[PDB]
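To start, the structure under review is shown below, and the notes come after it.
Cβ: placed from backbone, ideal geometry, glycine included. Neighbour counts: every protein chain shown. Basis: the model, the stated rules and, where named, an outside source; none is laboratory data.
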Amino acid sequence: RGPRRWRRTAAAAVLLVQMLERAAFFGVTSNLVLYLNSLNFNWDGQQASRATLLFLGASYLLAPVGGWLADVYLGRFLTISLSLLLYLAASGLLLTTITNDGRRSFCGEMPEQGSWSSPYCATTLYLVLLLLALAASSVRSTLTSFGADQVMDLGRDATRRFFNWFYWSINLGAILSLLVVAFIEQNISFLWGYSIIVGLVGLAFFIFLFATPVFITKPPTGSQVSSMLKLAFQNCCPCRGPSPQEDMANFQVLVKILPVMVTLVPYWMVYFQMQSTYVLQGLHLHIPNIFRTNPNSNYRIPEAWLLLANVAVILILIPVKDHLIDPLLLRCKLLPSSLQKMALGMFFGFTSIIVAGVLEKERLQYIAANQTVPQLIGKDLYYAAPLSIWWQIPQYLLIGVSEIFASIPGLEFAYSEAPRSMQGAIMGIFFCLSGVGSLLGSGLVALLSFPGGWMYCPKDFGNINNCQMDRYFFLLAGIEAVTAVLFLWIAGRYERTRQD
């Protein structure tokens with residue numbers, strides 16, 4: 001019974017460790033801003049937003065670096081070990097920074113503008129965030145690769161099911177983390193929240209350690225990035241250790257896979273910016289009220305339960321989506337290619353953003369009637385509209401369906417078409433391109449923030465009343481449509497190369 005034992009226990013352990021790691025990551029990034037803006041660091045809100053954006057970007061852009069450092073000589077198991085160790089170290093060091101003793105011992109003393117580094121304990125916190133992001137990205141990439149290695153040849157449909165329940169466990173960890181950790185952080189001292197975070201991290205590390213006799217591995221592969229870029233140049237340059245045949249094969253497969261992820265970059269940009277603007281729009285609705293009643297205990301809504309609702313919408317779909325649709329399409333034999341499933345996901349995303357633009361048009365026309373209403377989520381009061389947050393539920397359902405249909409075939413394709421060696425490398429490159437799209441969308445929002453722009457309401461202390469985001473929604477829709485067209489073209493090209 002040993003075979004099935006090790007297989008299923010390894011799958012379950014990988015799922016649980018990824019769940020705990022994503023939980024820790026979400027628990028951190030949900031209230032990193034509030035932690036920075038606390039009375040113990042005196043950081044400015046602009047600096048906190050910059051730190052959060054740079055943290056996300058650094059994580060996403062260091063994912064490929066960590067995956068490559070793994071795949072070159074480090075090995076997936078040892079890389080997960082060291083990355084979880086670095087994650088635990090960063091979490092514990094941040095926990096000690098929370099304590100006044102560690103705070104004064106590590107980065108000087110509390111001081112007696114912009115990039116001048118006037119915020120207290122700037123360099124130490126920046127290095128901590130960089131190391132934590134690198135560790136989280138390495139864990140994510142190498143653990144996805146390891147779980148796919150586990151759910152290898154025994155079943156390909158089993159591999160698809162594995163990616164499905166993998167995203168499901170990610171969403172479950174996200175839900176648990178958001179709810180519990182955010183409640184603890186904004187209602188009790190941050191010490192308890194970060195302590196339970198570092199405890200979850202240590203528990204996940206110990207589970208991974210225990211799983212060692214169960215987890216299976218392979219010898220380290222080669223094809224360093226030096227030789228990779230050298231052959232790429234040689235193929236590309238005019239006059240201005242594996243075998244070379246294996247390096248050429250890896251280069252060819254990389255050339256094949258690159259356009260797909262490059263065309264996926266705009267989709268990830270649109271998705272991240274759409275999630276952000278959806279949170280922003282839901283913020284300005286009539287969110288239901290718990291016993292706090294905010295008359296101008298357990299008050300200060302955790303500001304992250306909208307993301308919790310979104311992740312819950314994404315979650316519920318996954319099991320029913322799989323169980324119904326996959327056997328259904330299998331028996332109906334109208335089964336499309338993974339690229340066409342991504343196209344269907346992009347179409348569902350276009351539908352969701354159109355519905356969101358219409359909903360925002362209704363919201364703005366309702367505000368035009370001057371039927372304002374106050375509400376205070378977090379530490380920032382916002383004026384809202386008489387509309388209800390329950391109208392955001394259909395568009396959240398649509399965007400969740402889109403996200404699932406795009407993401408599951410995404411990683412499925414990314415792993416399957418990749419060669420056994422370059423699996424984690426292409427996973428890391430996929431994460432890097434997703435993060436590059438996210439950063440490009442943030443930069444586009446920054447350019448739109450320019451005076452005379454669609455989003456230029458400064459005096460509104462950061463409320464979307466005077467700002468006009470309907471045009472922004474329509475532009476996102478158009479960009480998504482163009483991206484879908486280009487993706488169909490790249491998919492046809494990839495199919496023609498596949499038959500080649």
Would you confirm whether any residue within the stretch 117-124 is under 21 Å from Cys432 (Cβ atoms) and surrounded by 19 or more Cβ atoms within 10 Å (Cβ to Cβ)? no
With respect to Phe183, determine if the residue is within 27 Å of the chain's Cα centre (by Cα) and assigned to a loop (DSSP other than H, G, I, E, B). no
Any residue in the stretch 328-340 that is within 22 Å of the chain's Cα centre (by Cα) and under 24 Å from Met469 (Cα atoms)? no
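For the stretch 223-279, name all the residues that are under 26 Å from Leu444 (Cα atoms) and hydroxyl-bearing (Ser, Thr, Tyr). It would help to see each step written out before you state the result.
Just the residues of the stretch 223-279 that are under 26 Å from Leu444 (Cα atoms), to begin with: 258-279.
Those that are under 26 Å from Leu444 (Cα atoms) and hydroxyl-bearing (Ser, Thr, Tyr): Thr263, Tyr267, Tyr271, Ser276, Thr277, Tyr278.
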Within the stretch 381-406, the count of residues that are farther than 20 Å from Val355 by Cβ and either in a helix (DSSP H, G or I) or touching a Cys at 6+ places or on another chain (Cβ under 8 Å) (or both) comes to 0
Taking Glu403, is it under 28 Å from the mean Cα position of the chain (by Cα), under 17 Å from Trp268 (Cα atoms) and either of a type in the set (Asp, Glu) or assigned by TED's automatic domain parsing to the domain that holds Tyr35 (or both)? yes
Go through (1) surrounded by fewer than 20 Cβ atoms within 10 Å (Cβ to Cβ); (2) closer than 30 Å to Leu32 by Cα; (3) of a type in the set (D, E, K, R) and name the single condition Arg331 misses. (2)
Can you find a residue in the stretch 88-104 that is buried (at least 19 other Cβ atoms within 10 Å of the Cβ), within 24 Å of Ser438 (Cα to Cα) and under 26 Å from the mean Cα position of the chain (by Cα)? no
In this structure, is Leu280 assigned by TED's automatic domain parsing to the domain that holds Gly428, assigned to a helix (DSSP H, G or I) and within 22 Å of the chain's Cα centre (by Cα)? yes
Which of the numbered conditions does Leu317 fail, given that it passes all the others? Conditions: (1) of a type outside the set (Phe, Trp, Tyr); (2) in a loop (DSSP other than H, G, I, E, B); (3) on the phi < 0 side of the Ramachandran plot. (2)
Going through the stretch 105-136 in order, the residues found to be touching a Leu at 6+ places or on another chain (Cβ under 9 Å), assigned to a loop (DSSP other than H, G, I, E, B) and not hydrophobic (A, V, I, L, M, F, W, C) are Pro119
Only residues that are closer than 14 Å to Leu84 by Cα and either in contact with a helix residue (DSSP H, G or I) (Cβ under 6 Å, 6 or more places away or on another chain) or aromatic (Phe, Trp, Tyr) (or both): list them for the stretch 125-143, please. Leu131, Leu132, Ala133, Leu134, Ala135, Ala136, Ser137, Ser138, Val139, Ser141, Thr142, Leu143
Please pick out the residue among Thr79, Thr29, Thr97 that is of a type outside the set (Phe, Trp, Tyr), over 20 Å from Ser141 (Cα atoms) and not assigned by TED's automatic domain parsing to the domain that holds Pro302. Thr97
Can you tell me which residue is surrounded by the fewest Cβ atoms within 10 Å (Cβ to Cβ) among those in the stretch 444-500 that are assigned to a loop (DSSP other than H, G, I, E, B) and among the acidic types (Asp, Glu)? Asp500
Does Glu303 count as touching a strand residue (DSSP E or B) at 6+ places or on another chain (Cβ under 8 Å), within 28 Å of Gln468 (Cβ to Cβ), acidic (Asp, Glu) and buried (at least 17 other Cβ atoms within 10 Å of the Cβ)? yes
I'm told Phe431 meets every condition in (1) touching a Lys or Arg at 6+ places or on another chain (Cβ under 8 Å); (2) outside any helix (DSSP H, G or I) except one. Can you identify the failing condition by its number? (2)
Given the criterion surrounded by fewer than 16 Cβ atoms within 10 Å (Cβ to Cβ), of a type in the set (A, V, I, L, M, F, W, C) and either within 21 Å of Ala414 (Cβ to Cβ) or in contact with a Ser or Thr (Cβ under 6 Å, 6 or more places away or on another chain) (or both), identify the matching residue among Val270, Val255, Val265. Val255
Exactly one of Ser421, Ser449, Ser416, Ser438 is closer than 18 Å to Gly349 by Cα and polar (S, T, N, Q), and that one is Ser438
